[PDB]
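Here is the file input_30.pdb (PDB, C-alpha atoms).
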ATOM      1  CA  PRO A   1      20.218  22.599  10.673  1.00  0.00           C
ATOM      2  CA  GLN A   2      18.214  21.768   7.542  1.00  0.00           C
ATOM      3  CA  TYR A   3      18.983  18.476   5.793  1.00  0.00           C
ATOM      4  CA  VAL A   4      18.204  16.905   2.445  1.00  0.00           C
ATOM      5  CA  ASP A   5      18.672  13.172   2.036  1.00  0.00           C
ATOM      6  CA  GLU A   6      19.376  11.577  -1.315  1.00  0.00           C
ATOM      7  CA  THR A   7      19.501   7.912  -2.215  1.00  0.00           C
ATOM      8  CA  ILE A   8      21.136   6.952  -5.503  1.00  0.00           C
ATOM      9  CA  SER A   9      20.144   3.350  -6.286  1.00  0.00           C
ATOM     10  CA  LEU A  10      22.461   1.574  -8.705  1.00  0.00           C
ATOM     11  CA  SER A  11      21.469  -1.987  -9.601  1.00  0.00           C
ATOM     12  CA  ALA A  12      24.120  -4.684  -9.318  1.00  0.00           C
ATOM     13  CA  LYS A  13      23.357  -5.418 -12.978  1.00  0.00           C
ATOM     14  CA  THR A  14      24.409  -1.924 -14.050  1.00  0.00           C
ATOM     15  CA  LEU A  15      27.366  -1.875 -11.653  1.00  0.00           C
ATOM     16  CA  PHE A  16      28.844  -5.339 -12.098  1.00  0.00           C
ATOM     17  CA  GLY A  17      26.960  -6.982 -14.950  1.00  0.00           C
ATOM     18  CA  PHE A  18      27.475 -10.701 -14.306  1.00  0.00           C
ATOM     19  CA  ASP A  19      30.730 -10.267 -12.381  1.00  0.00           C
ATOM     20  CA  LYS A  20      31.185 -10.316  -8.628  1.00  0.00           C
ATOM     21  CA  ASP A  21      32.816  -6.913  -8.131  1.00  0.00           C
ATOM     22  CA  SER A  22      34.298  -5.465 -11.334  1.00  0.00           C
ATOM     23  CA  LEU A  23      32.742  -2.064 -12.052  1.00  0.00           C
ATOM     24  CA  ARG A  24      31.537  -1.675 -15.608  1.00  0.00           C
ATOM     25  CA  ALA A  25      33.061   1.309 -17.427  1.00  0.00           C
ATOM     26  CA  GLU A  26      29.687   3.036 -17.804  1.00  0.00           C
ATOM     27  CA  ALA A  27      29.119   2.583 -14.080  1.00  0.00           C
ATOM     28  CA  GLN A  28      32.448   4.281 -13.358  1.00  0.00           C
ATOM     29  CA  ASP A  29      31.452   7.212 -15.564  1.00  0.00           C
ATOM     30  CA  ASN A  30      28.186   7.720 -13.671  1.00  0.00           C
ATOM     31  CA  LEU A  31      29.914   7.439 -10.285  1.00  0.00           C
ATOM     32  CA  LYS A  32      32.568   9.945 -11.327  1.00  0.00           C
ATOM     33  CA  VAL A  33      29.869  12.477 -12.181  1.00  0.00           C
ATOM     34  CA  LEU A  34      28.238  11.809  -8.807  1.00  0.00           C
ATOM     35  CA  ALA A  35      31.530  12.253  -6.944  1.00  0.00           C
ATOM     36  CA  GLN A  36      32.116  15.534  -8.778  1.00  0.00           C
ATOM     37  CA  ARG A  37      28.678  16.802  -7.749  1.00  0.00           C
ATOM     38  CA  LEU A  38      29.224  15.790  -4.128  1.00  0.00           C
ATOM     39  CA  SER A  39      32.486  17.769  -4.073  1.00  0.00           C
ATOM     40  CA  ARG A  40      30.389  20.857  -4.882  1.00  0.00           C
ATOM     41  CA  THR A  41      27.746  19.987  -2.281  1.00  0.00           C
ATOM     42  CA  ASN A  42      27.440  20.884   1.417  1.00  0.00           C
ATOM     43  CA  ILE A  43      27.636  17.213   2.403  1.00  0.00           C
ATOM     44  CA  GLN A  44      27.636  15.628   5.840  1.00  0.00           C
ATOM     45  CA  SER A  45      27.711  11.923   5.037  1.00  0.00           C
ATOM     46  CA  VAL A  46      27.954   9.531   2.106  1.00  0.00           C
ATOM     47  CA  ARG A  47      26.881   6.070   3.246  1.00  0.00           C
ATOM     48  CA  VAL A  48      27.147   3.334   0.628  1.00  0.00           C
ATOM     49  CA  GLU A  49      24.899   0.333   1.366  1.00  0.00           C
ATOM     50  CA  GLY A  50      25.141  -3.012  -0.370  1.00  0.00           C
ATOM     51  CA  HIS A  51      21.957  -5.090  -0.723  1.00  0.00           C
ATOM     52  CA  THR A  52      21.304  -8.650  -1.989  1.00  0.00           C
ATOM     53  CA  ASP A  53      18.231 -10.832  -2.634  1.00  0.00           C
ATOM     54  CA  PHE A  54      17.420 -13.768  -0.299  1.00  0.00           C
ATOM     55  CA  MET A  55      19.321 -16.287  -2.461  1.00  0.00           C
ATOM     56  CA  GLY A  56      22.195 -16.637  -0.009  1.00  0.00           C
ATOM     57  CA  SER A  57      23.112 -17.263   3.617  1.00  0.00           C
ATOM     58  CA  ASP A  58      23.270 -14.347   6.056  1.00  0.00           C
ATOM     59  CA  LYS A  59      27.076 -14.660   6.029  1.00  0.00           C
ATOM     60  CA  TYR A  60      27.400 -14.922   2.261  1.00  0.00           C
ATOM     61  CA  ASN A  61      25.044 -11.999   1.608  1.00  0.00           C
ATOM     62  CA  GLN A  62      26.660  -9.752   4.190  1.00  0.00           C
ATOM     63  CA  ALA A  63      30.160 -10.369   2.802  1.00  0.00           C
ATOM     64  CA  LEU A  64      29.171  -9.932  -0.845  1.00  0.00           C
ATOM     65  CA  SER A  65      27.147  -6.804  -0.141  1.00  0.00           C
ATOM     66  CA  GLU A  66      29.937  -5.282   1.962  1.00  0.00           C
ATOM     67  CA  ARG A  67      32.499  -5.917  -0.779  1.00  0.00           C
ATOM     68  CA  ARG A  68      30.218  -4.379  -3.403  1.00  0.00           C
ATOM     69  CA  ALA A  69      29.504  -1.358  -1.190  1.00  0.00           C
ATOM     70  CA  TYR A  70      33.238  -0.976  -0.567  1.00  0.00           C
ATOM     71  CA  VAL A  71      34.054  -1.069  -4.284  1.00  0.00           C
ATOM     72  CA  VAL A  72      31.513   1.675  -4.984  1.00  0.00           C
ATOM     73  CA  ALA A  73      32.680   3.742  -1.991  1.00  0.00           C
ATOM     74  CA  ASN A  74      36.297   3.308  -3.068  1.00  0.00           C
ATOM     75  CA  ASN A  75      35.389   4.577  -6.541  1.00  0.00           C
ATOM     76  CA  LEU A  76      33.786   7.700  -5.059  1.00  0.00           C
ATOM     77  CA  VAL A  77      36.902   8.307  -2.952  1.00  0.00           C
ATOM     78  CA  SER A  78      39.077   7.844  -6.059  1.00  0.00           C
ATOM     79  CA  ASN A  79      36.960  10.574  -7.641  1.00  0.00           C
ATOM     80  CA  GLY A  80      37.210  13.118  -4.817  1.00  0.00           C
ATOM     81  CA  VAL A  81      34.726  12.199  -2.083  1.00  0.00           C
ATOM     82  CA  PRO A  82      36.459  12.797   1.306  1.00  0.00           C
ATOM     83  CA  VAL A  83      37.336   9.608   3.184  1.00  0.00           C
ATOM     84  CA  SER A  84      36.325  11.412   6.379  1.00  0.00           C
ATOM     85  CA  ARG A  85      32.633  11.371   5.409  1.00  0.00           C
ATOM     86  CA  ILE A  86      32.222   8.097   3.550  1.00  0.00           C
ATOM     87  CA  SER A  87      31.293   4.605   4.730  1.00  0.00           C
ATOM     88  CA  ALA A  88      30.500   1.246   3.127  1.00  0.00           C
ATOM     89  CA  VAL A  89      28.265  -1.301   4.823  1.00  0.00           C
ATOM     90  CA  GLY A  90      26.883  -4.650   3.738  1.00  0.00           C
ATOM     91  CA  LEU A  91      23.206  -5.062   4.635  1.00  0.00           C
ATOM     92  CA  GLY A  92      22.847  -8.381   2.815  1.00  0.00           C
ATOM     93  CA  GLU A  93      19.217  -9.434   2.453  1.00  0.00           C
ATOM     94  CA  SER A  94      18.134  -7.668   5.676  1.00  0.00           C
ATOM     95  CA  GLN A  95      15.928  -5.224   3.775  1.00  0.00           C
ATOM     96  CA  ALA A  96      14.953  -7.417   0.807  1.00  0.00           C
ATOM     97  CA  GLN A  97      11.551  -6.471  -0.628  1.00  0.00           C
ATOM     98  CA  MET A  98      11.033  -8.907  -3.504  1.00  0.00           C
ATOM     99  CA  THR A  99      10.800 -12.347  -1.884  1.00  0.00           C
ATOM    100  CA  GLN A 100       7.019 -12.587  -1.381  1.00  0.00           C
ATOM    101  CA  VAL A 101       5.866 -10.743  -4.501  1.00  0.00           C
ATOM    102  CA  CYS A 102       8.194 -12.856  -6.607  1.00  0.00           C
ATOM    103  CA  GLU A 103       7.470 -16.250  -5.047  1.00  0.00           C
ATOM    104  CA  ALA A 104       3.775 -15.461  -5.579  1.00  0.00           C
ATOM    105  CA  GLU A 105       4.290 -14.184  -9.126  1.00  0.00           C
ATOM    106  CA  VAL A 106       6.225 -17.304 -10.162  1.00  0.00           C
ATOM    107  CA  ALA A 107       4.014 -19.930  -8.514  1.00  0.00           C
ATOM    108  CA  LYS A 108       1.250 -18.251 -10.510  1.00  0.00           C
ATOM    109  CA  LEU A 109       2.689 -20.260 -13.413  1.00  0.00           C
ATOM    110  CA  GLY A 110       3.029 -23.983 -12.750  1.00  0.00           C
ATOM    111  CA  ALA A 111       1.638 -25.484 -15.961  1.00  0.00           C
ATOM    112  CA  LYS A 112       4.696 -27.689 -16.564  1.00  0.00           C
ATOM    113  CA  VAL A 113       6.448 -24.314 -16.836  1.00  0.00           C
ATOM    114  CA  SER A 114       9.930 -25.861 -17.032  1.00  0.00           C
ATOM    115  CA  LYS A 115      10.032 -26.048 -13.239  1.00  0.00           C
ATOM    116  CA  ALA A 116      13.590 -24.744 -13.842  1.00  0.00           C
ATOM    117  CA  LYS A 117      12.434 -21.631 -15.671  1.00  0.00           C
ATOM    118  CA  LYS A 118      10.385 -20.941 -12.549  1.00  0.00           C
ATOM    119  CA  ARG A 119      13.645 -20.522 -10.645  1.00  0.00           C
ATOM    120  CA  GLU A 120      15.155 -18.470 -13.463  1.00  0.00           C
ATOM    121  CA  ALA A 121      12.064 -16.292 -13.307  1.00  0.00           C
ATOM    122  CA  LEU A 122      12.514 -16.029  -9.535  1.00  0.00           C
ATOM    123  CA  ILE A 123      16.099 -14.783  -9.810  1.00  0.00           C
ATOM    124  CA  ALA A 124      15.092 -12.282 -12.492  1.00  0.00           C
ATOM    125  CA  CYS A 125      12.083 -11.108 -10.483  1.00  0.00           C
ATOM    126  CA  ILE A 126      14.094 -10.433  -7.304  1.00  0.00           C
ATOM    127  CA  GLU A 127      16.660  -8.359  -9.225  1.00  0.00           C
ATOM    128  CA  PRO A 128      15.597  -5.137  -7.451  1.00  0.00           C
ATOM    129  CA  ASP A 129      17.087  -6.479  -4.186  1.00  0.00           C
ATOM    130  CA  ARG A 130      20.510  -6.779  -5.838  1.00  0.00           C
ATOM    131  CA  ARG A 131      21.945  -3.276  -5.752  1.00  0.00           C
ATOM    132  CA  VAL A 132      24.059  -0.658  -4.024  1.00  0.00           C
ATOM    133  CA  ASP A 133      22.455   2.462  -2.560  1.00  0.00           C
ATOM    134  CA  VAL A 134      24.504   5.624  -2.046  1.00  0.00           C
ATOM    135  CA  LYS A 135      22.831   7.640   0.735  1.00  0.00           C
ATOM    136  CA  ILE A 136      23.874  11.269   0.950  1.00  0.00           C
ATOM    137  CA  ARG A 137      22.852  13.645   3.717  1.00  0.00           C
ATOM    138  CA  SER A 138      23.580  17.293   3.027  1.00  0.00           C
ATOM    139  CA  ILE A 139      22.814  20.626   4.687  1.00  0.00           C
ATOM    140  CA  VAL A 140      20.296  22.997   3.133  1.00  0.00           C
TER     141      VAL A 140
END
I need this file expressed as structure tokens, please.
Amino acid sequence: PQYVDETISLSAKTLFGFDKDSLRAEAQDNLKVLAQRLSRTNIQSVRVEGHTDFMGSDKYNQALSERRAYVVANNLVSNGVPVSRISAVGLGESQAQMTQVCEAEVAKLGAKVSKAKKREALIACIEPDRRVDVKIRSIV
């Protein structure tokens, strides 16, 4: 049949602030609204994917991202999304997009630039790779 694919990207910042896996209240509100919409949608699958930046081992990133994806998926289930169609996977840094652009951007500032602030800048620059994507496939 006809499909429509949606990807809702929620940054780890918005979702967990500085914490490992505690959902911020505002995040829960947004996810509840999403779950409500999905319950009124001709959905096929709701795949929650956790992503991290390269600042971690394969093992560490996969575990953290899976936990974060699970927490988001569990919230959606708590708000009505059928367990039968939902999944939570940890993709770690496998699809990271900010490593090169950021390493280049930062090195472009070495004038005694704290040397430590360069790393801070790196972590801030690669923020887009720290997030959870909710991928929904529905029938048109």
**Study point:** Selection: 7 Å around segment 91-96 of chain A, only C-alpha atoms, excl. self and same-chain fewer than 4 positions, as a PyMOL selection string
**Key:** chain A and resi 49-54+58+61-62+65+129
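Residues selected in this file by the PyMOL selection byres ((chain A and resi 68) around 8) comprise residues 20, 21, 50, 64, 65, 66, 67, 69, 70, 71, 72, 90 and 132 of chain A.
Applied to the file shown here, the PyMOL selection byres ((chain A and resi 103) around 10) selects residues 98, 99, 100, 101, 102, 104, 105, 106, 107, 108, 118, 119, 121, 122, 123, 125 and 126 of chain A.
In this structure, atom CA of residue 2 of chain A sits 5.5 Å away from atom CA of residue 139 of chain A.
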Take every atom of segment 89-100 of chain A listed in the file, pad by 6 Å on each side, and give me the axis-aligned box centre and edge lengths in Å, one decimal, as AutoDock Vina command-line options.
--center_x 17.6 --center_y -6.9 --center_z 1.1 --size_x 33.2 --size_y 23.3 --size_z 21.2
